[PDB]
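Have a look at work_28.pdb below; it lists PDB, C-alpha atoms.
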ATOM      1  CA  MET A   1       3.778  13.722   2.772
ATOM      2  CA  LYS A   2       1.208  10.866   3.051
ATOM      3  CA  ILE A   3       1.899   7.286   4.285
ATOM      4  CA  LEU A   4       0.156   4.800   1.921
ATOM      5  CA  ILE A   5      -0.140   1.075   2.694
ATOM      6  CA  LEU A   6      -1.132  -0.494  -0.642
ATOM      7  CA  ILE A   7      -2.738  -3.959  -0.290
ATOM      8  CA  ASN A   8      -3.253  -6.444  -3.130
ATOM      9  CA  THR A   9      -4.533  -9.808  -1.918
ATOM     10  CA  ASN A  10      -6.892 -12.182  -3.805
ATOM     11  CA  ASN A  11      -8.176 -13.050  -0.305
ATOM     12  CA  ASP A  12     -10.667 -10.109  -0.251
ATOM     13  CA  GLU A  13     -11.670 -11.143   3.342
ATOM     14  CA  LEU A  14      -7.951 -10.874   4.384
ATOM     15  CA  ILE A  15      -8.228  -7.157   3.352
ATOM     16  CA  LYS A  16     -10.972  -6.803   6.036
ATOM     17  CA  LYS A  17      -8.450  -8.148   8.630
ATOM     18  CA  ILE A  18      -5.689  -5.809   7.346
ATOM     19  CA  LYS A  19      -8.349  -3.065   7.780
ATOM     20  CA  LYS A  20      -8.718  -3.996  11.532
ATOM     21  CA  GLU A  21      -4.907  -3.553  11.842
ATOM     22  CA  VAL A  22      -4.871  -0.083  10.165
ATOM     23  CA  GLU A  23      -8.234   1.134  11.718
ATOM     24  CA  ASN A  24      -6.696   0.809  15.217
ATOM     25  CA  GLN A  25      -3.765   2.949  13.855
ATOM     26  CA  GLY A  26      -6.157   5.518  12.235
ATOM     27  CA  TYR A  27      -5.662   4.878   8.459
ATOM     28  CA  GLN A  28      -8.365   6.074   6.031
ATOM     29  CA  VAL A  29      -9.370   3.054   3.856
ATOM     30  CA  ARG A  30      -9.592   4.028   0.145
ATOM     31  CA  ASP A  31     -10.383   1.518  -2.721
ATOM     32  CA  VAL A  32      -9.548   1.655  -6.500
ATOM     33  CA  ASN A  33     -12.052  -0.269  -8.739
ATOM     34  CA  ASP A  34     -11.241   0.999 -12.299
ATOM     35  CA  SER A  35      -8.800   3.181 -14.394
ATOM     36  CA  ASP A  36     -11.305   6.115 -14.274
ATOM     37  CA  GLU A  37     -11.520   5.636 -10.476
ATOM     38  CA  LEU A  38      -7.664   5.382 -10.395
ATOM     39  CA  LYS A  39      -6.949   8.847 -11.883
ATOM     40  CA  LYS A  40      -9.742  10.372  -9.646
ATOM     41  CA  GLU A  41      -8.014   8.970  -6.517
ATOM     42  CA  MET A  42      -4.586  10.017  -7.949
ATOM     43  CA  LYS A  43      -5.955  13.604  -7.978
ATOM     44  CA  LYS A  44      -6.571  13.159  -4.201
ATOM     45  CA  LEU A  45      -2.899  12.065  -3.838
ATOM     46  CA  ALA A  46      -1.945  15.301  -5.738
ATOM     47  CA  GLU A  47      -4.335  17.627  -3.753
ATOM     48  CA  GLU A  48      -3.761  16.305  -0.190
ATOM     49  CA  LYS A  49      -0.143  17.360   0.589
ATOM     50  CA  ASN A  50      -1.055  17.400   4.337
ATOM     51  CA  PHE A  51       0.276  14.466   6.464
ATOM     52  CA  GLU A  52      -2.213  11.521   6.405
ATOM     53  CA  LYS A  53      -2.197   7.702   6.685
ATOM     54  CA  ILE A  54      -4.177   5.939   3.853
ATOM     55  CA  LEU A  55      -4.891   2.210   3.164
ATOM     56  CA  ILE A  56      -5.211   1.675  -0.654
ATOM     57  CA  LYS A  57      -7.310  -1.468  -1.380
ATOM     58  CA  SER A  58      -6.974  -2.721  -4.984
ATOM     59  CA  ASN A  59      -7.027  -6.419  -6.031
ATOM     60  CA  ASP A  60      -6.100  -5.498  -9.671
ATOM     61  CA  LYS A  61      -2.250  -5.437  -9.816
ATOM     62  CA  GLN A  62      -2.332  -3.386 -13.111
ATOM     63  CA  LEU A  63      -3.987  -0.384 -11.305
ATOM     64  CA  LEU A  64      -1.166  -0.653  -8.679
ATOM     65  CA  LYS A  65       1.783  -0.430 -11.099
ATOM     66  CA  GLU A  66       0.229   2.506 -13.045
ATOM     67  CA  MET A  67      -0.668   4.259  -9.715
ATOM     68  CA  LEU A  68       2.941   4.060  -8.434
ATOM     69  CA  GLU A  69       4.314   5.364 -11.798
ATOM     70  CA  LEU A  70       2.064   8.481 -11.306
ATOM     71  CA  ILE A  71       3.087   8.658  -7.557
ATOM     72  CA  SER A  72       6.692   9.016  -8.930
ATOM     73  CA  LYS A  73       5.643  12.647  -9.751
ATOM     74  CA  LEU A  74       4.620  13.259  -6.082
ATOM     75  CA  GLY A  75       7.629  11.560  -4.406
ATOM     76  CA  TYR A  76       6.874   9.783  -1.074
ATOM     77  CA  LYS A  77       7.322   6.424   0.727
ATOM     78  CA  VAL A  78       4.625   3.951  -0.430
ATOM     79  CA  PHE A  79       4.276   0.450   1.068
ATOM     80  CA  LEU A  80       2.930  -2.563  -0.909
ATOM     81  CA  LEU A  81       1.923  -6.109   0.130
ATOM     82  CA  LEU A  82       1.098  -9.002  -2.266
ATOM     83  CA  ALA A  83      -0.832 -11.997  -0.737
ATOM     84  CA  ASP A  84      -2.093 -14.846  -2.995
ATOM     85  CA  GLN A  85      -1.526 -18.583  -3.674
ATOM     86  CA  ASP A  86      -0.245 -17.661  -7.215
ATOM     87  CA  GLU A  87       2.886 -16.216  -5.554
ATOM     88  CA  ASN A  88       4.592 -16.890  -8.919
ATOM     89  CA  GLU A  89       2.924 -13.801 -10.542
ATOM     90  CA  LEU A  90       3.391 -11.806  -7.265
ATOM     91  CA  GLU A  91       7.147 -12.592  -7.404
ATOM     92  CA  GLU A  92       7.187 -11.282 -11.022
ATOM     93  CA  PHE A  93       5.069  -8.187 -10.113
ATOM     94  CA  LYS A  94       7.267  -7.147  -7.121
ATOM     95  CA  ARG A  95      10.258  -7.041  -9.559
ATOM     96  CA  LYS A  96       8.875  -3.873 -11.315
ATOM     97  CA  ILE A  97       7.789  -2.106  -8.095
ATOM     98  CA  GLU A  98      11.102  -2.790  -6.266
ATOM     99  CA  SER A  99      12.988  -1.411  -9.345
ATOM    100  CA  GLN A 100      10.653   1.686  -9.283
ATOM    101  CA  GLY A 101      11.995   2.291  -5.729
ATOM    102  CA  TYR A 102       8.754   1.450  -3.872
ATOM    103  CA  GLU A 103       8.399  -0.795  -0.809
ATOM    104  CA  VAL A 104       6.923  -4.141  -1.940
ATOM    105  CA  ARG A 105       6.560  -7.345   0.125
ATOM    106  CA  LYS A 106       5.710 -10.747  -1.394
ATOM    107  CA  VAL A 107       3.747 -13.162   0.907
ATOM    108  CA  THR A 108       0.917 -15.807   0.643
ATOM    109  CA  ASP A 109      -0.409 -16.784   4.093
ATOM    110  CA  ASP A 110      -3.049 -14.995   6.261
ATOM    111  CA  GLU A 111      -0.912 -14.216   9.385
ATOM    112  CA  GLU A 112       2.238 -13.873   7.200
ATOM    113  CA  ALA A 113       0.432 -10.934   5.493
ATOM    114  CA  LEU A 114      -0.909  -9.436   8.794
ATOM    115  CA  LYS A 115       2.592  -9.385  10.399
ATOM    116  CA  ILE A 116       3.994  -7.309   7.460
ATOM    117  CA  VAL A 117       1.061  -4.810   7.872
ATOM    118  CA  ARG A 118       1.995  -4.413  11.589
ATOM    119  CA  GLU A 119       5.605  -3.973  10.335
ATOM    120  CA  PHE A 120       4.542  -1.219   7.810
ATOM    121  CA  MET A 121       3.649   0.798  10.971
ATOM    122  CA  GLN A 122       7.220   0.492  12.458
ATOM    123  CA  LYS A 123       8.760   1.007   8.934
ATOM    124  CA  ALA A 124       6.742   4.282   8.776
ATOM    125  CA  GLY A 125       8.371   4.952  12.191
ATOM    126  CA  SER A 126      11.554   6.012  10.290
ATOM    127  CA  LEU A 127       9.389   8.571   8.360
ATOM    128  CA  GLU A 128       8.203   9.887  11.758
ATOM    129  CA  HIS A 129      11.842  10.116  13.029
ATOM    130  CA  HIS A 130      13.127  13.099  10.956
ATOM    131  CA  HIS A 131      14.250  15.843  13.435
ATOM    132  CA  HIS A 132      11.070  15.020  15.513
ATOM    133  CA  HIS A 133      12.507  15.005  19.087
ATOM    134  CA  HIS A 134      10.469  14.343  22.294
TER     135      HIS A 134
END

Show the structure stored in the file as structure tokens.
Amino acid sequence: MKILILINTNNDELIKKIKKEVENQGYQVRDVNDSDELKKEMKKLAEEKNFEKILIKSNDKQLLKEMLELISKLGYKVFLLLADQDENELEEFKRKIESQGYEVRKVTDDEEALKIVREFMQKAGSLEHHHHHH
């Protein structure tokens, strides 16, 4: 069971800020560049069954959809955030992912994105709270 925060923003510098958020929370920042790279990193999602927090950076929304369709074989809670000024195509893209049963959040703005990343931590709090008493 691994907690993935998938980030697709055309603001590639906003990813660096979203990194600062997840680095303080101890997420390992991965990045998908190509389809060959995709299936390599999907093998890591298949191999690592141990509990780990990962930030998936990919600014190509096609790699995302195909990734999540292969994650459907693994079966875990994945988070997704879409930040770009063409929120039109993001609103169309979230429609597939939300129907696939994956967490997807459509935004545009810098701090509007960052707040949802800080939320993905407290959303993953429900994953933590399964028979885990203190």

Check which residues satisfy the PyMOL selection byres ((chain A and resi 33-41) around 8) in the file shown, then give them as a list in words.
-> residues 31, 32, 42, 43, 44, 45, 58, 60, 63 and 67 of chain A

Can you tell me how far CA of residue 129 in chain A sits from CA of residue 52 in chain A, in Å to one decimal?
->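 Taking CA of residue 129 in chain A as the start and CA of residue 52 in chain A as the end point, the length is 15.6 Å.
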
Tell me which protein, DNA and RNA residues are within 9 Å of residue 121 in chain A, counting all atoms listed in the file, leaving out same-chain ones fewer than 5 positions away, and put them as a PDB file with C-alpha atoms, keeping the file's coordinate frame.
ATOM      1  CA  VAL A  22      -4.871  -0.083  10.165  1.00  0.00           C
ATOM      2  CA  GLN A  25      -3.765   2.949  13.855  1.00  0.00           C
ATOM      3  CA  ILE A 116       3.994  -7.309   7.460  1.00  0.00           C
TER       4      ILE A 116
END

Given the choices A:78, A:18, A:107, A:113, which gets closest to residue 90 in chain A if the distance is worked out from all atoms listed in the file?
->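 Smallest separation from residue 90 in chain A among the options: A:107.
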
Excluding same-chain residues fewer than 4 positions from residue 11 in chain A, what lies within 9 Å of it counting all atoms listed in the file, as a list in words?
-> residues 15, 59, 83, 84 and 110 of chain A

With distances taken over all atoms listed in the file, which of A:49, A:2, A:61, A:96 is nearest to residue 28 in chain A?
-> A:2

Check the smallest atom-to-atom distance from each of A:98, A:103, A:112, A:119 to residue 14 in chain A using all atoms listed in the file, then report the winner.
-> A:112

Could you write range 39-63 of chain A as a CSV table (one decimal), in the coordinates of the input, with N, CA, C and O atoms rebuilt where they are missing?
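Written out: part_35.csv:
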chain,number,residue,atom,x,y,z
A,39,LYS,N,-7.4,7.5,-11.6
A,39,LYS,CA,-6.9,8.8,-11.9
A,39,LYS,C,-7.7,9.9,-11.0
A,39,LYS,O,-7.1,10.9,-10.6
A,40,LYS,N,-9.0,9.6,-10.6
A,40,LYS,CA,-9.7,10.4,-9.6
A,40,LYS,C,-9.0,10.4,-8.3
A,40,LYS,O,-8.9,11.4,-7.6
A,41,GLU,N,-8.7,9.2,-7.8
A,41,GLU,CA,-8.0,9.0,-6.5
A,41,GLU,C,-6.5,9.4,-6.5
A,41,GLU,O,-6.0,9.8,-5.5
A,42,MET,N,-5.9,9.5,-7.7
A,42,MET,CA,-4.6,10.0,-7.9
A,42,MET,C,-4.6,11.5,-7.8
A,42,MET,O,-3.6,12.1,-7.4
A,43,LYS,N,-5.7,12.2,-8.2
A,43,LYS,CA,-6.0,13.6,-8.0
A,43,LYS,C,-6.0,13.9,-6.5
A,43,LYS,O,-5.4,15.0,-6.1
A,44,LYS,N,-6.6,13.0,-5.7
A,44,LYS,CA,-6.6,13.2,-4.2
A,44,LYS,C,-5.1,13.1,-3.6
A,44,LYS,O,-4.8,13.8,-2.7
A,45,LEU,N,-4.3,12.2,-4.2
A,45,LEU,CA,-2.9,12.1,-3.8
A,45,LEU,C,-2.1,13.3,-4.2
A,45,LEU,O,-1.1,13.7,-3.6
A,46,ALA,N,-2.5,14.0,-5.3
A,46,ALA,CA,-1.9,15.3,-5.7
A,46,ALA,C,-2.4,16.5,-4.9
A,46,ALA,O,-1.6,17.4,-4.5
A,47,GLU,N,-3.7,16.5,-4.5
A,47,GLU,CA,-4.3,17.6,-3.8
A,47,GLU,C,-3.9,17.6,-2.3
A,47,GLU,O,-3.5,18.7,-1.7
A,48,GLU,N,-4.1,16.5,-1.6
A,48,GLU,CA,-3.8,16.3,-0.2
A,48,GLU,C,-2.2,16.2,0.0
A,48,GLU,O,-1.7,15.1,-0.2
A,49,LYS,N,-1.6,17.3,0.3
A,49,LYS,CA,-0.1,17.4,0.6
A,49,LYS,C,0.1,17.3,2.1
A,49,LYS,O,1.2,17.0,2.6
A,50,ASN,N,-1.0,17.5,2.9
A,50,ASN,CA,-1.1,17.4,4.3
A,50,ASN,C,-0.8,15.9,4.8
A,50,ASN,O,-1.1,15.0,4.0
A,51,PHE,N,-0.1,15.8,5.9
A,51,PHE,CA,0.3,14.5,6.5
A,51,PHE,C,-1.0,13.6,6.8
A,51,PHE,O,-1.8,14.0,7.6
A,52,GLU,N,-1.1,12.4,6.2
A,52,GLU,CA,-2.2,11.5,6.4
A,52,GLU,C,-1.8,10.1,6.1
A,52,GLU,O,-1.1,9.8,5.1
A,53,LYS,N,-2.4,9.1,6.8
A,53,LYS,CA,-2.2,7.7,6.7
A,53,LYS,C,-3.4,7.1,5.9
A,53,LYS,O,-4.5,7.3,6.3
A,54,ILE,N,-3.1,6.5,4.7
A,54,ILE,CA,-4.2,5.9,3.9
A,54,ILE,C,-3.9,4.4,3.6
A,54,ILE,O,-2.7,4.1,3.3
A,55,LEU,N,-4.9,3.6,3.6
A,55,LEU,CA,-4.9,2.2,3.2
A,55,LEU,C,-5.5,2.1,1.8
A,55,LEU,O,-6.7,2.4,1.6
A,56,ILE,N,-4.7,1.8,0.7
A,56,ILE,CA,-5.2,1.7,-0.7
A,56,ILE,C,-5.5,0.2,-0.9
A,56,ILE,O,-4.6,-0.6,-1.0
A,57,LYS,N,-6.8,-0.1,-1.0
A,57,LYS,CA,-7.3,-1.5,-1.4
A,57,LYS,C,-7.5,-1.5,-2.9
A,57,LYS,O,-8.3,-0.8,-3.5
A,58,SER,N,-6.8,-2.4,-3.6
A,58,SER,CA,-7.0,-2.7,-5.0
A,58,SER,C,-6.4,-4.1,-5.3
A,58,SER,O,-5.2,-4.4,-5.1
A,59,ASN,N,-7.3,-5.0,-5.7
A,59,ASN,CA,-7.0,-6.4,-6.0
A,59,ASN,C,-6.7,-6.6,-7.5
A,59,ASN,O,-6.6,-7.7,-8.0
A,60,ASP,N,-6.6,-5.5,-8.3
A,60,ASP,CA,-6.1,-5.5,-9.7
A,60,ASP,C,-4.7,-4.9,-9.7
A,60,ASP,O,-4.5,-3.7,-9.7
A,61,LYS,N,-3.7,-5.8,-9.9
A,61,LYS,CA,-2.2,-5.4,-9.8
A,61,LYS,C,-1.8,-4.4,-10.9
A,61,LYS,O,-0.8,-3.8,-10.8
A,62,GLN,N,-2.6,-4.3,-12.0
A,62,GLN,CA,-2.3,-3.4,-13.1
A,62,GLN,C,-2.5,-1.9,-12.6
A,62,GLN,O,-1.6,-1.1,-12.8
A,63,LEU,N,-3.7,-1.7,-11.9
A,63,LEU,CA,-4.0,-0.4,-11.3
A,63,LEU,C,-2.9,0.1,-10.3
A,63,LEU,O,-2.6,1.3,-10.3
